[PDB]
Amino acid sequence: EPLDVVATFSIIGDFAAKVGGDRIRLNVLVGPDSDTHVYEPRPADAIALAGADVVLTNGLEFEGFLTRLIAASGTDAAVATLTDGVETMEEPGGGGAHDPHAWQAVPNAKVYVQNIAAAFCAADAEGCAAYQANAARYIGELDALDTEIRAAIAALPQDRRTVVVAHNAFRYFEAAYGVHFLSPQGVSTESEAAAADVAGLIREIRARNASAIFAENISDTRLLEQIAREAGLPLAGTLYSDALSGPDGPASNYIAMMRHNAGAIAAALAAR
């Protein structure tokens, strides 16, 4: 009777719970504090897909395992790519690959949400008015959030807008909001460290007068702690990049995740 939905990872799982309410049964593959770039699907994940009516995915090559997992599971679920209709950004490096981290700009989260609603509308026409009224309610909360983030940032001094994080995961926040981010890893956490290039990072840190270093919830902290040491900059806290916190963390849903991040960034930038 309820719609069987599978979401690839936590951030889009939260969006699904918002649009779908009581009418869906939700399963999430990659969970809180876990990293989708390196996730290897387990056999339990194939069982989940096999029963789904709807599978929700970021797309943009975020989930390198999906298409395999789809064929292994034999699922007939319809698959919705929630970045459909988002203004995407190309990866810096490559490779006409796209940067998958589109949810870091709240306007794009509105789109993910619209696509969830459409997907549920296609699978359960009887529920469609309810899916859309949930989406519209939530989209109103996202619009207020967007306003608050832009406002807080645009206030801050033009000359102190840079922070250091773990991977290159906030380019859409930069584009929406005007905060510049450096990191030792690229767009994906698949690679390494090339501690052979912290001295490169550090030099860019000095040239840009970066205000602070942040850990990320998906990643181990040691290099960040060391970069902090060598740059003489505080380790200011933890940002939530590609996953929610668990419950009882400060980022257990998307809106809370963004308010945390934006508040932590602003405090650090204003510290100087």
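Residue numbers run from 1 along the displayed sequence.
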(request) Check whether residue 107 goes without coordinates in at least a third of the other compared PDB entries of this protein that model residues on both sides of it. (result) no
(request) Taking only the other compared entries that model residues on either side of residue 193, decide whether it is unmodelled in at least a third of them. (result) yes
(request) State which stretch shows the higher mean Cα B factor in the entry: 94-102 or 107-115. (result) 94-102
(message) Can you tell me whether 56-64 has a higher mean C-alpha B factor than 224-232 in this record, or the other way round?
(response) 224-232
(request) Between 72, 128, 82, 176, let me know which has the highest C-alpha B-factor in the entry? (result) 72
(request) Kindly indicate the residue among 133, 156, 142, 163 with the greatest C-alpha B-factor in the PDB record. (result) 156
(message) Quick check for you: using the entry's CA B-factors within this chain, is residue 38 in the lowest, middle or highest third?
(response) highest
(message) Which third, lowest, middle or highest, does the C-alpha temperature factor of residue 20 belong to within its own chain?
(response) lowest
(message) Please place residue 169 in the lowest, middle or highest third of its chain according to the CA B-factor in the PDB entry.
(response) lowest
(request) Consider only the C-alpha atoms of the modelled residues in this chain, order them by B-factor as the entry records it, and name the third containing residue 44: lowest, middle or highest. (result) highest
(message) Can you tell me whether residue 123 has a C-alpha B-factor in the lowest, middle or highest third compared with the other modelled residues of the same chain?
(response) lowest
